[PDB]
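One chain comes next, on its own, written as structure tokens: the form deposited in one PDB entry.
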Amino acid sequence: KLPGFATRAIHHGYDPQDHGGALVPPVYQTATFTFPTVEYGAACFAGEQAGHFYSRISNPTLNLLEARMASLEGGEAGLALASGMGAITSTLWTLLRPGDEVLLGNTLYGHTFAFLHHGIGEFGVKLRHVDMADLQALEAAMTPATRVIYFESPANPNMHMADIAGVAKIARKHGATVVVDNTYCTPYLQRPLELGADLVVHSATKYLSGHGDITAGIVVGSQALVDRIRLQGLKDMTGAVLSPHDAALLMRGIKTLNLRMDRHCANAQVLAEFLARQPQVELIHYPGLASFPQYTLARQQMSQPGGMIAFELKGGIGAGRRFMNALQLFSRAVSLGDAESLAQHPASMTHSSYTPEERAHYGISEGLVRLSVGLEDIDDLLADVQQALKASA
């Protein structure tokens, strides 16, 4: 009656028999759709059928992707966009208007922060940052203006978690809509809608695709809210249309999601256990260490601690630089959730422009490096981090 996650990630919403027996669904790389009669055309520009009209909407390969993602997240409806920024700008452009306020997690993915403060925030929308695990600080931050609560969990830099059920309880008192960016965990590890959130966004560019070869975004949620985001945010405000080709490749990626995430976590579990014992290392942030400040809440929301690790080297910027340069298997790159392991050191990379004090107000430590642990053999990954730690001294 109710098939497993792995079954649904492979099968949900598709029966080969409905499409000439094709085991893999054919790709609708088409811009436009045609009508058998003008009477048939007339029905599409109001709505009654659930058919197809124009690939900026109603494409069957996008439709399948959306249904499958909605199934996995446990939500009513899905929407596929050209990037994770597309998913979030479409969502927020449709939910907010001048004078509305959005409450934010204290830290956010860089471009998201840029969107809020330098984009929509410059159009009369109000922004407040608050710690989304501190339920009393949140209740006290609610105002009649508050219309959206938006955060990632876990969040860069320190993998800080939100209490999603608690946020939802507070939001429901004020009618506010809770949006969670679930990029890090994926629906395999965490399902925020089952915990009370109204909408989830994904940069499918990362773990969902898993292979570093597409940019894509996903939104899942209630049908009324998803419809408006499709018909307003996507169609009119953004034009962040997902290629059917990239959509097909994303679905191909999703068929191994459970497998890849088990391995991302198992690899990160050993590296974290290793890193936590090293002398070059003052601090580690990894949800599956007993020492993780929100260890308990982590275990309540996530079925596994994930593939990302953040840590701080004794020795600041110079140690970070030395560590990064010596790496031979990990690549120096931004991004995460690929088969290949990646590392970044923000103080010398993404945030090298500013100086020691400005990086502090953002919680970006001078020695902070972040690993996206991939799928390579751990012995190889271990050796690589080891010699790099040796080089950092």
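The first residue of the sequence shown is number 1, and the count goes up from there. Definition used throughout: the rigid core is the maximal C-alpha set that superposes within 1.5 Å between two forms.
Missing here is the form deposited in another entry; even so, the following discussion is about that form.
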| property | result |
| --- | --- |
| Out of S352, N63, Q29, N325, the residue that alone shifts its CA by 2 Å or more between this form and the one not shown when the rigid core is the reference | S352 |
| Core-superposed C-alpha of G41 shifting 2 Å or more between this form and the one not shown | no |
| Rigid-core frame, C-alpha of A50, shift of 2 angstroms or more between this form and the one not shown | yes |
| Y207 and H351, C-alpha gap in that other deposited form relative to this structure (3 Å or more) | closer |
| Sense of CA distance change between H351 and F151 in that other deposited form, threshold 3 Å | closer |
